[PDB]
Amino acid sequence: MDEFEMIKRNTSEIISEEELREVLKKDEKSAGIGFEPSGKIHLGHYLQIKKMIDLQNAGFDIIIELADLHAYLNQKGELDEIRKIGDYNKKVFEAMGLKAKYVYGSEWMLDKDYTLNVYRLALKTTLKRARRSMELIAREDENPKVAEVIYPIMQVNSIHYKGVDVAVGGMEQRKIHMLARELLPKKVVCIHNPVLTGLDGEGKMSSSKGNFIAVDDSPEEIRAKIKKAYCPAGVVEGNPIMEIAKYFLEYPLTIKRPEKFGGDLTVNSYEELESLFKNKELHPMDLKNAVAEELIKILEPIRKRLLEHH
């Protein structure tokens, strides 16, 4: 793999590939991603941080926004409490192996120049357009607030105000990214990561839906969560156990199982694992056993770094 293929690996879409090839030529190039401070950091965050590490290995200067005002507008609580949670997320991100520039959005979202462009962008953004970009982001509210439509123009304005070359995020951010590419004079290259399925197979993995694996979960907690996880035999779509093996596990992958069930099975790639699973040649119980133990080894250095603080 070259540097472009390393960045494209395990992404849902790149907007666009030709524009990304331009950015890779530059000596200096920045990539940014924002997270609303979350009480628990799960594999969804780890997947995005792993992609930010790929960009860092490719010569990108990484910037991480601890989006305190975004979480405040999205009804996550008060600013002072949101900020201390964001400081906890920074420690977890650094424990993941990401050395970057962690900044709070409120450090620039109150500048007069930034605020003035918020009003300019509001003139160019329709209410229907702004609401459509927040369908997969806005916190559930039977009575949507004006803050829901201010949210997307704040994220577009930050991209313009700070001038990153590449913006990274889940597929739920694509409509906001499509709006930034239409309204801003400099088009930002967008890298969109897949949205992990919840452990119960119903919806996406969310910190507020209790269907996630936290990066600092104990080994016994990981084994129990995977044991109860949705993993129908032969079904790869919507299977969170297969997603974990595709996006986090390293290959070759040695699957250990008793001799009475076929003996240990070595798989050199995820495409080989998917083939063994579609035609029921690998049982979900054996898949869950290997995925749980390998994921525990993956997250052990992260949980250890966090346990050392106590």
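A residue's number is simply how far along the shown sequence it sits, counting from 1.
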Next item on the list: Using the B-factors recorded in the PDB entry, average over the C-alpha atoms of 25-33 and of 40-48, then report which stretch comes out higher.
Entry: 25-33
Next item on the list: Give the stretch, out of 231-239 and 172-180, with the larger mean C-alpha temperature factor in the deposited entry.
Entry: 231-239
Next item on the list: Return the residue from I244, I62, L265, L69 that has the highest Cα B-factor in the entry.
Entry: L265
Next item on the list: Pick out which of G105, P144, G203, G77 has the highest C-alpha B-factor in the PDB entry.
Entry: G203
Next item on the list: Rank-wise, by C-alpha B-factor, drop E140 into the lowest, middle or highest third of its chain.
Entry: highest
Margin query: Per the entry's values, where does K128 land by CA temperature factor relative to the rest of its chain, in the lowest, middle or highest third?
Written below: highest
Item checked: For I213, the third of its chain into which the C-alpha B factor falls -> middle
Notebook entry, point to check: Can you tell me which third, lowest, middle or highest, the CA B-factor of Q155 falls into for its chain?
Noted result: lowest
Notebook entry, point to check: Among the modelled residues of its chain, does the C-alpha B-factor of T197 lie in the lowest, middle or highest third?
Noted result: middle
